[PDB]
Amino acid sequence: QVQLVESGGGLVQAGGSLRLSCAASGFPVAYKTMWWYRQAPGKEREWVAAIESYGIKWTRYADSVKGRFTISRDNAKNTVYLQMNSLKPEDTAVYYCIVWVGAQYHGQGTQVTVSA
């Protein structure tokens, strides 16, 4: 019943921007803390950003993306967004959103490729 679906990835050149979406279903997005993470091919998973559930606002970013990425939420559309500006090739990876409703639930991921 709980389902996350990432989208918005693609192929851009260094310096461009993307906007990832995490469409949630089977539960209300606004009442859960959600994270974005990413996994590059030859490496292991890296936390990217987090947004606190509704009540006291709190957003957090990995140091390597702070100032370039913005996480935000649309409670009506039940969606979490990651605005990514000033993209670098080091940002190339599959991006996932994750929430814990008892267990953890993540999506299939969305591919972000940044060419130099």
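Sequential numbering from 1, following the sequence displayed.
Q: Looking at the deposited entry, does 42-50 or 79-87 carry the larger mean Cα B-factor?
A: If you average the C-alpha B-factors of 42-50 and of 79-87, the larger mean comes out for 42-50.
Q: Which is higher on average in the deposited entry, the C-alpha temperature factors of 26-34 or of 61-69?
A: Higher of the two, by average CA B-factor, is 26-34.
Q: State the tercile, meaning the lowest, middle or highest third, of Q104 with respect to the CA B-factors recorded for its chain.
A: Its C-alpha B-factor belongs to the highest third of this chain's values.
Q: Sort the modelled residues of this chain by their C-alpha B factor and say whether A14 lands in the lowest, middle or highest third.
A: Highest third, going by the recorded CA B-factors of the chain.
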